[PDB]
Each structure stands twice: as C-alpha cells, then as structure tokens.
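Q: Structure below; questions to follow.
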Amino acid sequence: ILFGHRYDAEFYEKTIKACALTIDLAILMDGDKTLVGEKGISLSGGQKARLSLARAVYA
Amino acid sequence: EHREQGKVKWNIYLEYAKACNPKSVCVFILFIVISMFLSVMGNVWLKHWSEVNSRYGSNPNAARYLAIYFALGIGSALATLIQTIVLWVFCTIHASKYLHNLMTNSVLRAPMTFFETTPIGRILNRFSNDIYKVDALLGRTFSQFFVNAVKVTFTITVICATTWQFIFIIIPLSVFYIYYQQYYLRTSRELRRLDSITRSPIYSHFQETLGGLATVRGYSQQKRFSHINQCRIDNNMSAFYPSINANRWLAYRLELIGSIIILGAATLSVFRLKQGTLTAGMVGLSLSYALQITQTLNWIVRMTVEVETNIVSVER
Amino acid sequence: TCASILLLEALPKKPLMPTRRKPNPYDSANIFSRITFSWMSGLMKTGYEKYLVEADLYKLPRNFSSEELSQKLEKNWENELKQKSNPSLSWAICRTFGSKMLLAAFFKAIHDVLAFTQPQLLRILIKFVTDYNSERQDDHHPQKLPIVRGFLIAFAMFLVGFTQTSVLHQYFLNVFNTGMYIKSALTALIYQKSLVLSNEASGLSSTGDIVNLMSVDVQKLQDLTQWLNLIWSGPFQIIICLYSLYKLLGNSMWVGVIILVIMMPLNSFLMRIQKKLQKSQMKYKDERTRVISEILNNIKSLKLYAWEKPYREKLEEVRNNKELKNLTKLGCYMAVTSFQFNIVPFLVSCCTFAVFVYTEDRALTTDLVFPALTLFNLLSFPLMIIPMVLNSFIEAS
Amino acid sequence: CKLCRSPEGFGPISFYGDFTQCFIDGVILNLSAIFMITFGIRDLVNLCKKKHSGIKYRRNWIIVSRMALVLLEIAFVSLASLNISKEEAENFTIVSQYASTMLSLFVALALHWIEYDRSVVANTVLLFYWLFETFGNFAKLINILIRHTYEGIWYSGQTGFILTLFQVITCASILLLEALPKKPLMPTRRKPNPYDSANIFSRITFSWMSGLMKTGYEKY
Ligand SMILES: CCCCCCCCCCCCCCCCCCCC(=O)O[C@H](COC(=O)CCCCCCCCCCCCCC)COP(=O)(O)OCCN
Ligand SMILES: CCC/C=C/C/C=C/CCCCCCCC(=O)O[C@H](COC(=O)CCCCCCCCCCCCCC)COP(=O)(O)OCCN
Ligand SMILES: CCCCCCCCCCCCCCCC(=O)OC[C@H](COP(=O)(O)O)OC(=O)CCCCCCCCCCCCCCC
Ligand SMILES: CCCCCCCCCCCCCCCC(=O)OC[C@H](COP(=O)(O)O)OC(=O)CCCCCCCCCCCCCCC
C-alpha cells in the first residue's frame with residue numbers, strides 16, 4: 001500500500017477505511033502486517049484490486 | 001541475541017556407519033589403505049630402482065624392475081577400484097536402502113497428528129533431497145575424505161621413515177592445521193549458506209519487477225525499485241565476498257603449512273645427509289611426497305566441509 | 001633491527017583517540033594482510049563462535065557498490081554503442097574490468113613460473129645429494145661440495161612455496177573480484193534496462209528468459225572470469241612443463257604426454273556418461289518423489305483404507321528396482337573413473353620410464369625419476385582442465 | 001659432591017664472562033624447570049578447581065601459536081636430549097636439565113591450555129618460566145658460541161648449537177606471546193583499573209599506566 005511513500009498514520013487509516021479494506025484486513029492474521037504469499041496467492045482477486053486502489057489512493 | 005555454534009553430531013556419523021554395514025566400512029577403509037600402501041610402495045620400488053640405475057652407470061635388468069613397478073602401480077589401481085566398488089555396492093547402497101526403508105516405515109506408522117503438525121513440504125523435502133544426498137553425495141564425500149586422510153597419513157609416514165624427526169615438525173603443524181580446519185569448517189558453511197540465502201531475493205525481486213513493470217514506471221518508482229535491486233545485489237555480494245575470501249584464507253594457511261612441511265622435510269633430510277646416512281633416493285622420495293602434501297591437506301579440509309554439509313541429511 | 005621495524009609496521013594496530021554493520025577489513029588491511037588474507041580472521045572467528053547472520057557480515061569494500069560498478073560499465077557500454085558500428089559487450093566489459101584481469105594474469109604468470117621451479121629445486125637437491133655422497137665415499141680434491149648448499153636449496157624450496165602461495169592467492173583475489181564486478185554490474189544493468197524495456201519486447205522475450213539472463217547468463221560470465229586466465233596459463237603451464245620434462249627425460253617425455261592427451265577424450269566420454277547417468281538417476285528420484293507426494297497428500301484416505309502396505313510396496317518397488325539399479329550402475333562407473341584417476345598418473349610415468357630405459361643409454365637415476373613424477377603431476381592439471389575452460393568460454397559466448 | 005664432568009666446574013662465572021655449562025644446565029635451567037613444576041602444578045590445580053568452565057575468551061591465533069610453539073620447544077628439547085653424546089650422558093647436570101625441562105614443558109603446555117580459559121591476566125609462573133628459559137637458553141647459546149670461538153670446538157656439536165639457537169628463538173617467541181597479546185573476548189561508569197588486568201611483566205614495568213599516560217597527554 002505505501003509502495004515507497006512515507007507512512008502517515010492518519011492518512012493510512014483514512015485510506016484503509018476509504019477503500020473499505022478494513023473488513024478484509026481484519027481477516028488477516030496480522031492485519032496490515034500480514035505478508036501476502038509468494039506470487040500473491042494469499043489474497044482474493046477483488047481484495048487485491050482493492051489493495052491496488054489503496055496503494056493508488058495512499059500515493 | 002545470537003545462537004552459539006554446536007559441536008559435531010557424532011551419533012549421526014555412527015548411525016550412518018551402522019546403516020552401511022560397519023564391516024563393509026572397515027573393508028572400504030582397508031582397501032583405501034591397501035591402495036595407498038601399494039602406491040607408496042610403488043614409489044619406494046621406484047626409489048630402489050633408480051638407486052640401482054645410479055650406482056650402475058646404466059640400467060641393468062630393466063624388465064624386472066619395470067615389471068615390479070608396474071605390478072605395484074596396478075595393485076594400487078585395482079585396490080582403488082575394489083575400494084570404490086565396496087563403497088558403493090556394499091556400503092552406500094546398503095545404507096540408502098536401509099535408511100529409506102526405515103524412514104518410510106516410520107512415516108507411515110506415524111499418527112495423523114504428525115501430518116497435521118508438520119507442513120507437507122517439510123516431509124516431501126526429506127523424502128526427496130535428504131534421500132538423494134545420502135544416495136550419492138554422502139558416499140562420494142566420505143570416499144574423498146578417507147582417501148585423502150589416508151594419503152596424508154602415508155605421506156607423513158614416508159617422510160617420517162626418511163627422517164623420523166619430522167614428527168616433531170608435523171605435531172605443531174597438526175595443531176595449526178586443526179585450528180584452521182575447525183575455523184573453516186564452520187565459517188565456510190555459514191558464509192556459503194548466507195550466499196545461497198541472499199542469492200534468491202535478486203531473482204525473486206526481478207520476477208516481481210517484470211510482473212509489475214508498467215505500474216513501477218507509472219508511479220515513476222523506477223529509481224526506488226532500481227535501488228532495491230542494487231541493495232539485493234550488494235547484500236548478496238556482501239555475503240559472497242566472505243564466501244570466497246574464506247577459501248583464500250584457508251588455502252593460504254594450508255599452503256604455508258605445506259611449505260613449512262617441505263622446508264622441514266628438506267632440512268631434516270639434509271641434516272641426515274650431513275650425518276652421512278642419506279642417499280639421493282631417500283631425499284627424492286620424501287621430498288616428492290612433501291611437494292604433494294599441500295593439495296591433499298586442502299582436499300581434506302574441503303571434504304570435511306562437504307561431509308558436514310551432507311550429513312545433516314542423515315540427521316534429518 | 002629491520003625485522004623489528006617490519007614487525008612494528010605489520011602487526012601493530014593504529015590506535016584512535018576520542019546497529020549498522022561494520023566497514024570491511026579489506027579496506028583497513030596493510031599489504032601483508034591483503035597478501036595473507038589475514039583480515040578474514042575476524043569473520044572466521046565470529047562464524048566459528050556463533051551462527052552468522054546477514055548483520056554479521058562486514059559491508060562491501062570501496063568499489064564493490066553495484067551502483068558504482070553499473071555506472072562504470074554503463075559509461076563504456078554507451079561509448080561502445082555510440083562509437084562502434086558493431087558494438088561488443090565483451091569489449092565493453094573488457095574496457096571496464098580488464099585491468100584487474102591483467103594484474104591477475106601477471107600473478108598467474110609468476111605462479112606458473114614458481115610451480116615449475118619447485119621440481120627444479122627438487123632435481124637440484126637430489127643431484128646435490130648424489131654428488132655430495134659420491135665425494136664423501138671417496139674421502140672415506142679441493143673445493144669439495146659444501147653441506148650449506150643443501151640447506152639453502154631447502155630454504156629456496158620454502159621461499160618458492162611461500163612466494164608461490166602469495167602470488168597465487170592474489171591471482172585468485174583479483175579474478176574473483178573481477179567476477180564479482182562483472183556480476184554486480186551486469187545485474188544492475190539488466191535491471192535498469194528492463195525498467196525501460198518496451199512492453200512488446202518484454203512480451204516477445206518471456207519473463208522466465210529475462211530472469212534467466214540474470215540468474216544464469218551472468219553467473220556464466222562470472223564463472224568465466226575464474227577460468228579466463230587459463231586460456232593462456234594452461235598453454236604456458238604446459239609449454240614450460242614440456243620443456244622442463246624434455247630437458248629432464250629426453251624425448252621419452254612424449255610417451256607420457258601422449259598418454260595424458262589420449263586419456264583426455266576417454267575422460268570426457270566418461271564424464272558425459274557420468275552426467276547422463278546422474279540426470280537419469282535424478283529423474284528416477286523424481287518418479288519416487290511423485291509416488292511419495294501422492295502417498296502423503298492422500299495419507300488420510302490411505303490410512304483409512306490401510307492401503308499403506310501396498311503403496312509401500314509400490315514405492316519400494318520403484319526405489320529398489322529402478323532407482324537402486326541406476327545408482328549401483330552409477331557406482332560402478334564411479335569405480336571406473338576412480339580407477340582411471342588412480343592409474344593414469346601412474347601409467348604416464350611408468351610408460352615414459354619404460355621408453356626412457358629402452359631408448360636412452362643414460363642411467364635412469366633418482367634425479368631424473370622423481371622430478372619426472374612431480375612434473376607429470378603438474379602437467380595433469382592443465383590437460384585435464386582445458387576442456388572445461390573452452391566449455392566455459394563457449395557458454396559465456 | 002660433584003655432579004658435573006666438565007673441567008670448567010660449577011663456578012658460576014667461567015674464565016670467559018659467561019656462566020659455565022654446568023651452571024647453566026645445573027642451576028639456571030634446572031631451577032627454572034623446578035620452579036615451573038612446583039608453582040605451575042599449583043596454579044594448574046587452582047585454575048581447575050576455581051571453576052568448572054572458562055570465562056569464554058576467544059581461542060585465537062595467539063593461543064594456537066602458544067600451543068604450537070610449546071610443542072615445538074618440546075621437539076627441540078627432545079632432539080637435544082638425543083644429541084647427548086656418551087660423554088655428556090655422564091654429565092648429571094646435562095641429563096638432569098633435559099629430563100627436568102621436559103617435565104616442566106609438559107606442565108607448561110597444560111598450563112597454557114588451562115590459563116587461556118580460566119585467567120584474565122597472562123599467568124605469572126608461565127611468564128617467569130619463559131623468561132628464565134629464554135635466558136638460560138640464551139646464556140647457553142652464548143656459552144656454546146664463546147667456547148667455539150676460543151677453544152675451537154662445539155660442546156654439543158654444531159647440531160647441538162643449532163638446537164640451542166632454536167630453543168632461544170622459540171622460548172623468546174613464547175615469552176612474547178605470553179607478554180604482549182591481549183586476551184580477546186567474544187560477545188557512563190568509569191572503567192576498572194588495569195593493575196588488576198596486568199600480567200606480572202606489566203606490573204613490573206608499570207606499563208599498565210600507559211593508557212592513562214596517553215589520555216592525560218591528549219586531554220585534560
Ligand atoms: C636503542 C639502542 C640500544 C637498544 C638495545 C637494547 C638491548 C641491547 C642488545 C645489544 C647488545 C649488544 C651486545 C654487543 C655485541 C657483542 C659482540 C661480541 C663480539 C666479540 O666480542 O668478538 C668475539 C667474541 O667471541 C664470541 O663468540 C662471543 C659471542 C657472544 C658475545 C657475548 C655478548 C653477550 C651480550 C650480547 C647479548 C645481548 C642480547 C640481548 C638480548 C671475540 O673475537 P676475538 O677477536 O677475541 O677472537 C680471537 C680468538 N682467539
Ligand atoms: C600439518 C598436517 C597435519 C596432518 C594431520 C593428519 C590428518 C589426518 C586426517 C585428519 C584431518 C581431518 C581431521 C578431522 C578433525 C575433526 O574431526 O574435527 C571435527 C570435524 O570432523 C568432521 O567434520 C568430519 C570427520 C569425519 C569423521 C568420519 C567418522 C566415521 C564416519 C563413518 C562413516 C564411514 C562410512 C562411509 C562409507 C570437529 O570436532 P569437534 O566439533 O568435536 O570440536 C571439538 C572442540 N570443542
Ligand atoms: C626472511 C626473514 C624475514 C623476517 C620475518 C618475515 C616474516 C614476514 C612478516 C609479515 C607479518 C605477517 C602479516 C600478518 C599481519 C597481521 O597479523 O595482522 C593482524 C591480524 C588482524 O588483521 P589486520 O591485518 O586487519 O589487523 O591478526 C589476526 O587477527 C589473525 C592473525 C592471522 C592468523 C594466522 C596466524 C599465524 C600465526 C603466526 C605464528 C607465530 C609464530 C611466531 C614465532 C615464530
Ligand atoms: C635475555 C633475552 C630475553 C628475551 C627478551 C626479554 C624481554 C622481556 C620481555 C617482556 C615483555 C615486556 C612487557 C611489556 C608488556 C606490555 O607491553 O603490555 C602491553 C602494554 C599495555 O598494557 P597491558 O600490560 O595491561 O596490556 O602496552 C602499552 O600500552 C604500552 C607499552 C609500554 C610502553 C613502553 C614502550 C617500550 C618500547 C619497546 C621497544 C620495542 C623495540 C623492539 C625491538 C628491539
């Protein structure tokens with residue numbers, strides 16, 4: 001999500017909630033600290049699209 | 001904050017030696033010794049023959065000396081052949097058969113809680129790689145270690161037969177050799193592991209970048225992704241630089257040990273000469289072996305490394 | 001006094017008065033530690049004590065940064081592309097990194113010279129012992145041989161060995177650094193080129209292929225650098241061997257040279273057999289691993305049916321028959337190649353002594369004999385490895 | 001009464017200024033060897049009994065060179081013991097010196113091995129043993145060489161001279177490797193005093209004050 005952009009907690013939380021990612025991030029064993037598996041097989045297609053949107057927005 | 005190094009797991013070596021029939025292991029060592037004894041006796045015969053050619057101004061009775069020399073050399077060659085055949089047919093194959101049988105019986109008889117507890121990849125890996133290693137690599141490395149250990153024992157024996165005060169030279173150098181061999185046996189494995197660990201991230205990051213190429217260019221994250229690539233590299237090279245200068249370190253010390261062995265053999269042989277009881281044959285033989293000793297010291301050290309690398313497979 | 005001053009230069013650290021990983025000691029090591037590689041002693045201790053982790057490794061030396069190397073090679077690559085009608089990446093890399101390979105060539109030249117001096121000191125010491133005894137038996141007239149010469153030949157053997165080692169490992173230091181430079185630079189250039197590569201081009205060349213450029217091809221250039229110096233130091237190390245051995249044995253050396261040459265094709269044939277049969281063994285291993293993989297992934301139902309007995313039988317049939325017959329065959333060809341390596345260094349010398357004895361009226365004396373064994377030992381290596389060098393060179397091309 | 005068969009008797013100072021051979025072997029090196037036995041055995045026992053395990057000093061090129069050079073000195077002493085002529089074998093001073101010094105060398109080897117792990121300071125009896133040995137052997141070298149230059153003959157053969165010269169070099173090296181090398185250690189208050197971490201040679205030359213002599217020269 002950060003993709004090299006410096007972390008601001010307020011904006012990051014705002015983007016996580018704006019993407020409605022919060023629900024899908026809660027399912028992660030470590031939330032935003034969960035590592036996505038090799039080649040990205042650890043996440044759903046729509047969830048990955050939402051994550052890409054999150055990166056774009058947090059940029 | 002760190003994990004101490006561990007002494008060697010000798011029980012693992014004895015379980016492998018019990019896998020191979022230890023009588024067959026004794027036979028295999030016996031034929032290494034016979035191979036080396038016939039080699040060194042071939043050179044002793046060569047020393048005698050050349051001394052004969054030297055006192056008599058020309059080569060007398062050549063066919064006899066040459067036939068016996070050839071006989072001893074072929075005896076060494078056939079001892080090596082029988083040695084390797086025993087190693088494979090009797091020792092290594094029997095051990096691989098026994099270990100795979102034992103592991104399959106145990107794995108199958110394990111309760112399902114075992115399969116639930118452990119990942120399947122961690123079992124498939126042991127059934128593929130840890131078995132292939134004991135199939136081939138481990139037998140070969142024990143061959144190349146015992147052949148060379150016996151070779152060093154016999155070069156030292158022949159040099160000490162020529163000038164017995166060489167044992168006094170080899171004991172201090174034994175201490176240095178063991179120290180160098182111990183340090184290398186551990187840091188070489190560590191640094192080689194670190195090289196193999198840090199290698200993959202370069203290519204994994206590269207596949208990732210090739211997948212995300214258009215997005216990287218889009219956000220113009222090119223400079224950051226390039227810097228990540230260069231950090232992956234420089235990390236790999238910072239693990240590789242030691243992994244190679246470790247060999248340079250080792251080999252330099254062992255070649256000093258070999259040069260000091262040449263100096264000791266030559267000077268003690270010349271002291272024997274001054275005492276009047278040296279013949280050109282003794283110095284030629286002793287010193288030929290002393291010239292060969294350095295590469296066999298290096299073989300021994302590197303085969304200790306390889307044996308330690310491949311014996312954790314028997315452990316697992 | 002000079003020994004003391006030399007020690008006070010070499011040993012003493014220079015003191016200094018009043019989470020990152022430390023700078024590399026190759027930068028803080030005087031030429032004597034750069035020669036004896038004794039700056040590695042600290043990392044050799046650390047690894048002997050504790051399990052090393054990426055934080056224990058000293059950072060890279062001054063000029064190892066992939067940034068610096070990539071820019072250094074990129075300047076020359078652009079000069080090649082904008083200057084020559086037929087730009088050649090080979091000459092780009094050469095312009096950039098051939099200085100160290102010339103220096104390593106110098107050290108390899110010295111090392112070969114000394115490697116073939118050692119048999120000459122051996123021949124000289126044997127000849128000296130012969131003469132010294134031949135005089136003392138007469139005694140038991142003026143300017144008779146001194147025993148000192150024996151000790152000075154011994155000390156010259158030590159000096160040759162020691163300087164040989166120093167020059168050899170600076171040769172290795174330089175070629176391996178040049179391999180590291182070439183890989184650290186081509187890896188970064190491959191990355192930065194992919195980042196500007198067109199989409200259609202990157203689609204034409206698969207991603208697997210493009211990452212093999214960096215995973216394989218650059219490793220084969222790096223592996224080339226280790227061997228590139230043998231393209232001349234194999235011929236040099238054979239020429240001076242043949243000359244020494246000719247001046248020693250006469251034209252009876254040619255029998256030994258012929259035997260080694262003709263054992264080279266047989267050696268390569270067996271090497272091909274060995275790799276072929278190892279690959280076949282690996283594929284039988286893959287077969288047994290498929291059997292195991294299905295057994296394990298099906299373990300629940302397998303244990304429910306108690307079908308683990310027949311599946312054990314199937315697994316063990318696969319192993320015992322296919323994999324173990326193949327492995328015993330591999331063991332027998334291992335025996336054949338071990339026999340070859342034991343006998344050929346013998347057979348070369350035995351045959352050349354036979355031809356010497358029956359052709360020359362000279363006496364096959366000790367000083368002819370044992371230097372001949374040493375020289376044939378030295379000659380085996382270049383003949384044994386020129387194949388691997390040319391193989392590496394065509395792969396690198 | 002008279003345990004020596006040399007015409008130049010136990011007289012501590014010979015006609016030349018040197019110590020006689022009987023004196024060097026009989027009292028200098030013999031008392032050095034007995035000093036090592038008597039006190040190195042004591043220190044060895046105490047260092048074993050003080051603790052089950054060491055303080056984890058890092059085994060080093062220095063400890064391996066001390067052990068190698070001690071074994072080398074054992075080699076030279078054994079070669080000298082064999083170089084004894086039938087005449088010298090009747091010299092009780094010579095034979096006793098060689099037997100006693102071999103026994104002391106074994107004690108010294110054990111004491112190096114234990115000391116390295118167990119003691120912060122380079123051990124006192126080791127340092128003084130190698131300083132008595134480097135001096136007994138250097139005065140034996142001087143004795144042999146003076147006898148050569150004036151009387152024309154080596155009293156142990158030129159090989160005995162060579163062994164003595166190597167003993168001088170070896171013992172000097174071992175003495176330096178005791179004295180100079182710091183013992184390394186592996187992984188706001190003011191620091192502990194170096195008088196506690198200074199071997200008897202630094203306690204004698206007060207060379208533990210050098211650090212504070214530097215600091216005061218640099219800064220107030
Ligand atoms: C900062 C600068 C200073 C720092 C130095 C600190 C440490 C000092 C070390 C230097 C010591 C200087 C010693 C001077 C050298 C003495 C040379 C003696 C040579 C000599 O006298 O000639 C021959 C002696 O014979 C012989 O063979 C005798 C050989 C041995 C002589 C005994 C000397 C003992 C003292 C030297 C040892 C010092 C080493 C200290 C570790 C006799 O010749 P001839 O003409 O009479 O022949 C006639 C035959 N009929
Ligand atoms: C100057 C020249 C000197 C010449 C010397 C002569 C040398 C002769 C050969 C010796 C060279 C290598 C010495 C090994 C040092 C060593 O052992 O040190 C060991 C490491 O040894 C090895 O890793 C490999 C030893 C292999 C032994 C094989 C045992 C039998 C196996 C049975 C299987 C055989 C059947 C195969 C078909 C570590 O110990 P430490 O961790 O406890 O460390 C304990 C410290 N706390
Ligand atoms: C012909 C006569 C010439 C006179 C003497 C010639 C010898 C040449 C002297 C070169 C000095 C060597 C360079 C080493 C630099 C260095 O140590 O540098 C000190 C290094 C530390 O690395 P640095 O160079 O970065 O400081 O020491 C170490 O940490 C490890 C030591 C190296 C391990 C090898 C052990 C060798 C043991 C030596 C045997 C001792 C016996 C002594 C009595 C006989
Ligand atoms: C009769 C022949 C005997 C053979 C040799 C006998 C000499 C006895 C050897 C004793 C060793 C001395 C103890 C010193 C301990 C120590 O240094 O210990 C090292 C000390 C540090 O203190 P520590 O003891 O606590 O470690 O070093 C220093 O910090 C300062 C050094 C002392 C300052 C004086 C400088 C003297 C310079 C010497 C001249 C060099 C010339 C060499 C070539 C000729």
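As shown in the structure tokens, the chain order sets the letters A, B, ...; within each chain, residues go from 1, and ligands are also counted from 1 in the order they appear.
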Show me, as a list in words, the residues of chain A whose atoms get within 10 Å of chain B, using only C-alpha atoms for the distance check.
A: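 Result: residues 3, 4, 5, 38, 39, 56 and 59 of chain A.
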Q: Using only C-alpha atoms and all ligand atoms, which residues have at least one atom no more than 10 Å from ligand 4? Output them as a ChimeraX atom specification.
A: /C:1-8 /D:121-122,127-128,130-139,168-169,171-183,193-214
Q: Please check the contacts: residues of chain C at most 6 Å away from chain B, using only C-alpha atoms, listed as a count of residues only.
A: 30
Q: Using only C-alpha atoms and all ligand atoms, determine which residues fall within 7 Å of ligand 3, then list them as a list in words.
A: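 Counting only C-alpha atoms and all ligand atoms, the residues within 7 Å of ligand 3 come out as residues 3, 6, 7, 10, 11, 13, 25, 28, 29, 30, 32, 33, 36, 38, 39, 41 and 42 of chain C; 61, 65, 170 and 173 of chain D.
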Q: Find the residues near residue 9 (chain B): any atom within 10 Å, counting only C-alpha atoms, skip ones fewer than 2 places away on the same chain, and give them as a VMD selection string.
A: chain B and resid 6 to 7 11 to 14 308 311 to 312 315
Q: Given a cut-off of 6 Å, which residues of chain D touch chain B, counting only C-alpha atoms, written out as a list in words?
A: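 Taken together, these residues fit the definition: residues 68, 71 and 75 of chain D.
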